[PDB]
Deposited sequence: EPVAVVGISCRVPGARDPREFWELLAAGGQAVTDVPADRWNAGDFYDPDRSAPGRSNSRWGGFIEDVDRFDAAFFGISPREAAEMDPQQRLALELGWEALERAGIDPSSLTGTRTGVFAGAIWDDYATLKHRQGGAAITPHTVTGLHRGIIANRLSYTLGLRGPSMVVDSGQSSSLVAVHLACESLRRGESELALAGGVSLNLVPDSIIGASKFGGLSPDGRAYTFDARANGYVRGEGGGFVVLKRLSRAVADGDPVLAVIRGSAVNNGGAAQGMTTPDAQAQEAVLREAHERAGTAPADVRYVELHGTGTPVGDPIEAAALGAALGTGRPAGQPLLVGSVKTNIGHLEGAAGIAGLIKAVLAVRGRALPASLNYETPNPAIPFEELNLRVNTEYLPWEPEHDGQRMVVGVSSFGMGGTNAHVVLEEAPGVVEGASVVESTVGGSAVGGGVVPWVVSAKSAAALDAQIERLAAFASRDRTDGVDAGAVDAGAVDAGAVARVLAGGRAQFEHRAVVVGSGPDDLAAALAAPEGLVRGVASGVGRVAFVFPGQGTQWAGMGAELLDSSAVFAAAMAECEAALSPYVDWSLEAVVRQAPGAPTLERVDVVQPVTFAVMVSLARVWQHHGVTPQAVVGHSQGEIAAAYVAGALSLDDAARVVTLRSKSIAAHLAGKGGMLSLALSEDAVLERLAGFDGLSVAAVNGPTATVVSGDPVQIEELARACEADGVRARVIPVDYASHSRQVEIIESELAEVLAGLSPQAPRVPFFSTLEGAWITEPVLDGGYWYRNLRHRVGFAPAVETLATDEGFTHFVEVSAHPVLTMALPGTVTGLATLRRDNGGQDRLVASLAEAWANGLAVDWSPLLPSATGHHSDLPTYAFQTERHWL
């Protein structure tokens, strides 16, 4: 029975959104203005004589700013269709999206859901313009751009909603009827979720002429509702949506509940004293039926949001029905409070009742009742004391569940009444469909920050669409994030387009630093679990303790020797890959550089952790027992083509690695390494002698061959589960051929890393390379077109750096899921363009 209002959006004459609407209401603000000069001239259609042909007694109204502006690209609408599209449809689209975002629901998540759309709409001023344009102005978009049911259906189409979708027209009750219909759709279980709302736009003078000939318009332009100056109403344009759910479903889904629709009723005036004369007894009947369905009694209903238009005929009849249904029955002298948002915003016509509903929701959320603005003397036609009714003349803090009624009456006598009871390091991730929209969405989130930083992060990560233009602000707490949203050039930014496949890169040398993973052992439970598993795997060989070396315990080795630094780097890389996969980034392939291949071979599933640990530990020990202190290595910023030439005259040298088409690595005898380095420094080139006492990938490695085959003989390699691009074979590895001989060849022969990345990038569609390392050493070597993503950096190796790397990956359109790292924040910054006939 009870229906949660879980989200709201509105667009009303003085207010872009429900906070702005509440600010206007609490302030007692009046948004009735002159007619906009940009649509249609106020005075040219004005005449004080009600009988004057084709002219209105009213110069004033509630108007929405920028009804002609729409973000057609956001909804995938061509400018020609948007031009043909009724502004009511455009506004219902943007309102529907905003209202769902206000519920904290990503609207793109609703595709295929049984979500109903129930919209009230009754005016057709854009159709009036299309008609005035006459023949030949009709195009293939005219019919769908003007048909009013498309207001609901287009919203169902764009969001992919499969539930019922229809527009109701019962006049100025239509929105509240739509809410009633949505509520019954929820009670049947026909819908799991519903967008109930309505829209009206005063796009042409014809509607203010027809309303002035019908007669209801205030010659003063303000609705003195229930006041002795009740000279008529003023037209208003607006729209609103509520997102509605069963209260059980909303609480179970943890959705915010703004208010509960306890009950509602719809009836008609029937044989009133003329069709457009309101009927007090039919209004009583709606009040009573709705409150009965609400299971509610008068003493519980503290306020009614009037239909209250300030017409001299309508107000006494509404007051009489309220006193007969609610005022009497409440204790005498604690009256029912009443007011009308039409005293603030005018008569939003078809949207009128949703406006009253949203006002009431804001009143319960605010625990206060807004004033009615055009009220000095109680209308003498109304016996307010004898009804036990009081017009709420002042903002009243609302000190028993708070309960309000909302009434909406149509000119056709369709009455609706609804009873609302009151409700029973971190990333902020911002995304939009364009750079200008992204910048706007950042500026709005900064203004919002200008609060639970984590709850905001949950709403931004789970409750918002993930579009292609992405920024992330990463901060320790609310003000840290707020400051970092200033100077927004500092944010992580990126564009999620070409992603295709991801490769995990496992580097070799130069990635170590004292204390790598020490802060991460405390920060990340997955990393600590993986490092404990790696320590268990390594312990039958290393004699020391992995965690002791990482935490730099006093009695631990200090990463100075190879037989320590290589298994520690192996463990860190295995664990960091485990962390990446924990956060949604599984590798489509893995590629390793030198010893990194061992780590690759484990994350590919090729080698087992026992065997991977044995390989890394025993190869490192052989290096320390025979290769250490005997060789040297040298990085040169120069292509391997000229480098293989410069190796002439140095039989004790070789090319160790070709990391990119700009910088190679030679390895061999230390004296010849120094000779080549000095020769390069003679021609003015870049040369970086690598701090390594051994000479990997050289000839000297052959010395340890008779040792390696003795200690790696028992290996049992398996078929790689993840593809494994060997930079030794220079190609895919699809067979269990990673035995000890392979691990000797890897250490003895060149590293073909640039061939590997050129192959994976040009051929197999790999767009992102995630360097799973303690410090990036290879990402400055991939081709300019592939994305490179590091993990940890030197001395930046804690949770700060982990979330920075995950943010740079997810901004790169990677499958980052923010849940393992994790409230009225802004809705989408629509980049609205003018579209018109």
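- Numbered from the first deposited residue, the unresolved ranges run 400 to 404, 430 to 450, 477 to 492, 865 to 871.
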